[PDB]
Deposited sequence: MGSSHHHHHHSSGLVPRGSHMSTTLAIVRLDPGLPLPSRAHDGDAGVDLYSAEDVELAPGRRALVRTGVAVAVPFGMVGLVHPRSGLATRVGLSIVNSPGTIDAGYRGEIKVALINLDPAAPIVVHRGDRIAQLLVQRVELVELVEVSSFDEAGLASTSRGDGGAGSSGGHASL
């Protein structure tokens, strides 16, 4: 019960499905807590599903919850998340749902209730105030090394 971690943050969670464990970090230091599937789902190759996790959270104002795929499933069976990283807003009070998708070309993926199918990170976010300018120069911003370079401008692959 002693906070060693004084400024570590408290995430209210409702287990909409009390049958599932509370999400937890696999190892100390891990960035996310793993989310369970509340249901059994089979995804044929290329199919997607919106899977309930059985939890609702209250991400603090000034923060964001981020739903990330797990790496093992991604490589072993081609499981991904369509909208990755899923963006859980501070005001959301609904059930977190995971948009799983099977990116394997031939093997279906079976998800069982109680499987760990994603991980939830919480991070700060900047709640930005847009300042519309006619040009960056007019806003007095110094030019930058990057400039308008994008889309592979730095090279690093034959196709770029």
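Mapping the modelled residues onto the deposited sequence reveals missing stretches at 1 to 12, 17 to 18.
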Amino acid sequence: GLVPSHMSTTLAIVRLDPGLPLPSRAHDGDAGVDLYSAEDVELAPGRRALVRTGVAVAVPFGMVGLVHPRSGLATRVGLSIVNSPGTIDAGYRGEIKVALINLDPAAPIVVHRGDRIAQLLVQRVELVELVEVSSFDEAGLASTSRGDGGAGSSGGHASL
From here on, numbers count along this sequence of modelled residues.
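Note that the rigid core is defined as the largest set of C-alphas that superpose within 1.5 Å between two forms.
Superposing on the core and measuring CA offsets in 6 other deposited structures of this protein, the stretch of 130 to 138 and 29 to 37 with the greater mean deviation is 130 to 138. The deposited model assigns a higher average Cα B-factor to 128 to 136 than to the other stretch when 128 to 136 and 28 to 36 are compared. When 108 to 116 is weighed against 64 to 72, 108 to 116 comes out higher, by mean CA B-factor as recorded in the entry.
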